[PDB]
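Trainee: A single structure is presented below for examination.
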Amino acid sequence: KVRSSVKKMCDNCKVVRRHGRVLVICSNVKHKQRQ
Amino acid sequence: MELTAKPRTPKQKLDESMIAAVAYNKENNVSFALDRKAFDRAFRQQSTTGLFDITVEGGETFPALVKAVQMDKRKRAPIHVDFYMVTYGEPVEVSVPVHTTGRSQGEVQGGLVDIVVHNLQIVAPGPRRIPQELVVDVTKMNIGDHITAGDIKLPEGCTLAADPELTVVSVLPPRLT
Amino acid sequence: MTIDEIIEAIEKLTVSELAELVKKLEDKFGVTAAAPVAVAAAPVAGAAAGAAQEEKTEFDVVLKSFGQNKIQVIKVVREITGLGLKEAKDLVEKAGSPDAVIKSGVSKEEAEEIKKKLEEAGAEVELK
Amino acid sequence: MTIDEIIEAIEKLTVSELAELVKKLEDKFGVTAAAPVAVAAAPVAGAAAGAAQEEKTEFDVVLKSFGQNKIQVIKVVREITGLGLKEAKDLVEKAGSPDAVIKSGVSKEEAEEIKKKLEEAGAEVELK
Amino acid sequence: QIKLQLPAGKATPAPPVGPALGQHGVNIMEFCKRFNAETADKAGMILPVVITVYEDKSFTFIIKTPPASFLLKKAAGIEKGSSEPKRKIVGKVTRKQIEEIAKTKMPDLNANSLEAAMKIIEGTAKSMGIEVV
RNA sequence: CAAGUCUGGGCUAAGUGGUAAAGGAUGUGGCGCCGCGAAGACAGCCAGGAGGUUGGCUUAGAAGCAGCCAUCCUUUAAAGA
């Protein structure tokens, strides 16, 4: 999403690592956090 | 407690684990010692407010401890302290503080609260005789109301090294009154 | 005449001995001055009661399901155990699950009774 | 769905429901964080157990006296309830008093059993 | 299988009792009038009920010592609430009368012990602006 | 393209090295704190997912799960402002 400033939402939105990449995964489309 | 060393060697002690403080007691002063570690633990408990001491060579395991320092520098990490003792029946320079509890008057009803320029008290009750915790709070809090020195209400050891009418604590509008 | 022994006694003391001795000895040190001995004694009683369950010297009337009479049957379950309206209905629905014991800790006679009450009301029941 | 109600439920919950739910809910707030709810629940269980007693859906095997076999019978009572040597003998002697329930809180079968054990051992027993 | 709060002597206020229970599984006029049958013993002071309808689109069931706070109110003598509690805190009330009121509500009220009960009183009172004073 | 692919003890796994700031993020590697595992501890799992709580403005609906004010009591396994 914003590419820069990813910071958790649903009370369980996950900080995961893919390609030295910080993307956040949750169970709501409403989270798709991607830097 | 413990705290040691006392030759003449700053720069390095001022490096590692032993910050330097002066051995100070009316009449005599010997080269600093002690060590940032101990400091930590106890100044931690309560520099210039509680009061213990060290056992260097058993020496003169007496009290007072600090009457001057500054956790100095930039980092907010102290170095170079001032220790003083009083085996005397003269202790006058007495700085310990006093507290309240939150007497619901301005707060728990009007939101209103207080300014405590005070907190701490420097006086001189009974030497080597001061509550490690002095409590004093005739409650009362709201409107453009304020209280200080004078009124104060002091217990036993009758000193008051300070002065009347000044910086105790008052109630002020947290938003309004 | 020793600690571990006292433990042994509280332990063996059937759920009844536990509950009642708890009452008593507390009655010796009140629901305040007291705490340690009879208070844990309670959990003990829990364990013993269970024991009764696993064994057979105490039964569990479980609801297997409701049919064509959920209203009346829920009335029965409610009056029977002393479960608020809402609570009672929730459980009643649960009736089918293993813990579906509409009334646990009932003698042979009383349990047969309970089973009979639900059954009549409009539900199918089963004992232990 | 209300306080007094919860009270009602703990109350009605037969001694077993009390003991066991005490175990459980404690298991929800531990024999420390817990206290209020299942700890009094215990006294409740005491009351209910008693209830069982007064009614008949639970029995009390009482010792009426010992004859020509106090040794062996005391052996029986001791093993039966789990009462230390001394304690066991004292009670055995008491056997004659109303509280002389050698084993309280025993089903029909188990109680008949107890009565039989003491009787054989060398004592006269009676159920509730 | 529904909970509701309602007005003694009354029973079928289109807006608050028609929608809800009616839809959840209730015959609003029936339940309402039986209701009247009930509240007729304590009319004027609001009362609450847990009404269960099971599998015929029917029933009713229980009235349980109305919300402390508001009942207290009724006792005190004041419609709505100041505006905000501990912030508009000014509805001072009394011990005795309080504790008695307790004694009466004891039912759907916590167990059946003075201490706890009256205590619940101060609590609610507070919540509203009713200050045990 | 002249001279240790020296040896010694760490840390890097991004070619950073071969330019960048605020700001991110149980990355990694080293140092201090609060709570316990036999009140046998966090994630697993069983379960009740307590009651006066459904309190005020706005209600037309706060009755945590509109928002502005509370944040008590509790019978009892606790409590969940």
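Residue numbering restarts at 1 in every chain; chains get A, B, ... in the order shown in the structure tokens, and ligands count up from 1 in that same order.
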I need the contact residues of chain B against chain F, so if you could list those with any atom within 12 Å, counting only C-alpha atoms (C1' of nucleotides), and return them as a ChimeraX atom specification, that would help.
Mentor: /B:37,40-41,108-111
Trainee: Find the residues of chain E in contact range of chain F, meaning any atom within 12 Å when counting only C-alpha atoms (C1' of nucleotides), and list them as an MDAnalysis selection string.
Mentor: chainID E and resid 3:6 15:16 48:50 64:73 79:89 102 105:132
Trainee: Quick one: pull the distance between atom CA of residue 9 of chain B and atom CA of residue 70 of chain B, Å, one decimal.
Mentor: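 Taking atom CA of residue 9 of chain B and atom CA of residue 70 of chain B, their separation equals 20.0 Å.
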Trainee: Return as a PyMOL selection string the full set of residues in chain C whose backbone-based DSSP assignment is helix (DSSP H, G or I).
Mentor: chain C and resi 3-12+15-29+36-55+70-81+85-94+108-122
Trainee: Within 6 Å of segment 65-72 of chain C, counting only C-alpha atoms (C1' of nucleotides), which residues show up once you throw out same-chain ones fewer than 3 positions away? Write them as a PyMOL selection string, please.
Mentor: (chain C and resi 75+95-96+121-124) or (chain E and resi 54-55)
Trainee: Could you write out as a VMD selection string the residues of chain C within 9 Å of chain D, counting only C-alpha atoms?
Mentor: chain C and resid 1 to 2 5 to 6 8 to 9 12 to 24 26 31 35 38 to 50 52 to 53 57 to 58 80 to 87 103 to 110
Trainee: From the set B:52, B:161, B:80, B:73, which residue has the shortest atom-to-atom contact distance to residue 10 of chain B, counting only C-alpha atoms?
Mentor: B:80
Trainee: Please measure the separation of atom CA of residue 58 of chain B and atom CA of residue 130 of chain B, giving the value in Å to one decimal.
Mentor: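 Distance reported for this atom pair: 24.6 Å.
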Trainee: Within 7 Å of chain A, which residues of chain F are there when counting only C-alpha atoms (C1' of nucleotides)? Please give them as a PDB file with N, CA, C and O atoms (P, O5', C5', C4', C3', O3' and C1' of nucleotides), in the first residue's frame.
Mentor:
ATOM      1  P     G F  23      12.757  10.682  13.113  1.00  0.00           P
ATOM      2  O5'   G F  23      11.930   9.643  12.231  1.00  0.00           O
ATOM      3  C5'   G F  23      10.545   9.869  11.991  1.00  0.00           C
ATOM      4  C4'   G F  23       9.959   8.817  11.071  1.00  0.00           C
ATOM      5  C3'   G F  23       9.993   7.381  11.557  1.00  0.00           C
ATOM      6  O3'   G F  23       8.900   7.186  12.442  1.00  0.00           O
ATOM      7  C1'   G F  23      10.612   7.473   9.284  1.00  0.00           C
ATOM      8  P     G F  24       8.756   5.810  13.249  1.00  0.00           P
ATOM      9  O5'   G F  24       8.740   4.737  12.075  1.00  0.00           O
ATOM     10  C5'   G F  24       8.683   3.352  12.367  1.00  0.00           C
ATOM     11  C4'   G F  24       8.381   2.554  11.123  1.00  0.00           C
ATOM     12  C3'   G F  24       8.559   1.062  11.362  1.00  0.00           C
ATOM     13  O3'   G F  24       7.289   0.507  11.629  1.00  0.00           O
ATOM     14  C1'   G F  24       9.884   1.726   9.562  1.00  0.00           C
ATOM     15  P     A F  25       6.918   0.087  13.126  1.00  0.00           P
ATOM     16  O5'   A F  25       7.460  -1.403  13.257  1.00  0.00           O
ATOM     17  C5'   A F  25       6.858  -2.457  12.536  1.00  0.00           C
ATOM     18  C4'   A F  25       7.919  -3.305  11.897  1.00  0.00           C
ATOM     19  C3'   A F  25       8.865  -4.050  12.821  1.00  0.00           C
ATOM     20  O3'   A F  25       8.353  -5.307  13.198  1.00  0.00           O
ATOM     21  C1'   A F  25      10.028  -3.122  10.991  1.00  0.00           C
TER      22        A F  25
END
Trainee: Going by DSSP on the backbone, which bits of chain E are strand (DSSP E)? Write them as a ChimeraX atom specification, please.
Mentor: /E:2-6,47-53,59-63,91-93,130-132
Trainee: List as a list in words the protein and nucleic acid residues near residue 12 of chain A, meaning an atom at most 7 Å away when only C-alpha atoms (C1' of nucleotides) are counted, but skip any in the same chain fewer than 2 places from it.
Mentor: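 What passes the distance filter is residues 10, 14 and 26 of chain A.
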Trainee: Just to be explicit: take each residue in the selection above, keep N, CA and C atoms, and write the result as a short mmCIF file (atom, residue, chain, number, x, y, z; two decimals), in the first residue's frame.
Mentor:
data_model
loop_
_atom_site.label_atom_id
_atom_site.label_comp_id
_atom_site.auth_asym_id
_atom_site.auth_seq_id
_atom_site.Cartn_x
_atom_site.Cartn_y
_atom_site.Cartn_z
N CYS A 10 -5.82 -4.29 12.31
CA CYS A 10 -6.71 -5.21 13.06
C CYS A 10 -5.86 -5.54 14.23
N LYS A 14 -0.08 -8.79 11.04
CA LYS A 14 1.26 -9.37 11.00
C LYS A 14 2.38 -8.73 10.22
N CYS A 26 -2.96 -9.60 7.21
CA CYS A 26 -3.93 -9.74 8.33
C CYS A 26 -5.09 -10.62 7.63
#
